[PDB]
Amino acid sequence: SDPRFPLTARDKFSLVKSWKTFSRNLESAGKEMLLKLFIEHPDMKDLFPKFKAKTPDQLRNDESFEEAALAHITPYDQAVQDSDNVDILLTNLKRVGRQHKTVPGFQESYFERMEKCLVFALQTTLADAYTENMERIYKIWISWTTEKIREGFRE
Ligand code: HEM
């Protein structure tokens, strides 16, 4: 255990076990997240010009969409993998933030929008396994990751 990491040892184990289940179909989860983002905030689709005028069905098999979906889920999965190496976890999350600095139209306030989308994918995929306890833990951990991503953006 490392006190820089937000979760207690018990909560960290709950995260790792739950995520192991969720991670079975990571690319699908990423696709779900981006499609949810575009529902909640249609103007976010405009930040990805390669997707213009394409329906969710046309996107699901699209190569550029597959790439973007993987880019949006991968750092969360890499973060869980690195739960016991905070120094590396911090390097990786701050890099994600730094990578949005020059995205046209991007604002720091947008990172938090991805949180609800990840939560949506977690709820939908885990179904009854998304317990009240897991909801609590995911809210803490997802919030903490966003803060680190934002730090990287502000560097
Ligand atoms: C709603 C907020 C966000 C929007 C609108 C957004 C949009 C984008 C766009 C347009 C790009 C560059 C084009 C592309 O690769 O498709 C990008 C890159 C990326 N985003 Fe996001 N992003 C958001 C938040 C996040 C979050 C929360 C993560 C991970 C936790 C993430 C991970 C990445 C990664 C890994 C890249 C690739 C960076 C690179 O290869 O240089 N993004 N994002």
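X-ray crystallography is the method the PDB entry lists for this structure, together with a resolution of 1.50 Å.

> Teacher, can you tell me more about the overall build of the protein here?
The helix and strand tally for the protein stands at 7 helices and 0 strands. The order of helices and strands in the protein, counted from the N terminus, is α-α-α-α-α-α-α. A globule of 155 residues ought to have a C-alpha radius of gyration of about 15 Å, and the protein, at 15 Å, matches this closely. Along the longest, intermediate and shortest principal axes, the C-alpha atoms of the protein span 45 × 40 × 20 Å. The buried share of the protein, taken over its 155 residues, is 42%. Put simply, the protein shows about 8,900 Å² of open surface, and 50% of that area lies on carbon and sulfur atoms. Averaging the coordinates of the 24 positive side-chain charges in the protein and doing the same for the 25 negative ones gives two points 2 Å apart.

> How should I be thinking about the packing of helix α4 (residues 63-81) against helix α5 (residues 86-98) in this particular structure?
When two helices pack together, their arrangement is given by the angle between the helix axes and the distance between those axes. Contact geometry of α4 with α5 gives a least axis separation of 9 Å together with a crossing angle of 165 degrees. Here α4 lies roughly antiparallel to α5, going by the angle between them. α5 is crossed by α4, and the crossing has left-handed handedness. Residues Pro75, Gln78 and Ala79 of α4 form the contact with α5, whose own contacting residues are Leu89, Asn92, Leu93 and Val96. For the contact of α4 with α5, the residue count by class is 5 nonpolar, 2 polar and no charged.

Criteria and thresholds
- The residue numbering used throughout counts from 1 along each chain in the order its sequence is written. It may not match the entry numbering, and residues with no coordinates are not shown.
- Working from all heavy atoms in the structure, the side-chain values ignore hydrogens and water.
- Working definition: helices are DSSP H or I runs of at least four residues, strands are E runs of at least two. Numbering for both runs from the N terminus.
- We compute the radius of gyration over the C-alpha atoms and compare it with the globule rule, which gives 2.2 Å times the number of residues raised to the power 0.38.
- Throughout this description, buried means an accessible area under 20% of the type-specific maximum (1.4 Å probe, protein chains only), exposed means over 50%, and partly exposed covers the range between.
- For the accessible areas, the method is Shrake-Rupley and the probe is 1.4 Å, while residue cover comes only from the protein chains on display.
- Under the counting rule used here, the positive set is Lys and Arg, the negative set is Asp and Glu, and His together with the chain ends is not counted.
- Just so you know, the charge point we use is NZ for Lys, CZ for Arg, CG for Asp and CD for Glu.
- Only the contacting stretch of a helix is used when fitting its axis, a line to C-alpha atoms as for every element, and angles between N-to-C directions run 0 to 180 degrees.
- Roughly parallel refers to an angle under 35 degrees, roughly antiparallel to one over 145, roughly perpendicular to one between 65 and 115, and oblique to any angle outside these ranges.
- By the definition used in this description, the sense in which the near helix is turned from the far one sets the handedness, with an anticlockwise turn below a right angle giving left-handed and a clockwise turn giving right-handed.
- The contact rule is simple, with two residues in contact once any of their heavy atoms fall within 4.5 Å.
- Under the scheme applied, nonpolar residues are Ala, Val, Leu, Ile, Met, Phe, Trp, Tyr, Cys and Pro; charged residues are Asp, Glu, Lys and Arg; polar residues are all the others, including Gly.

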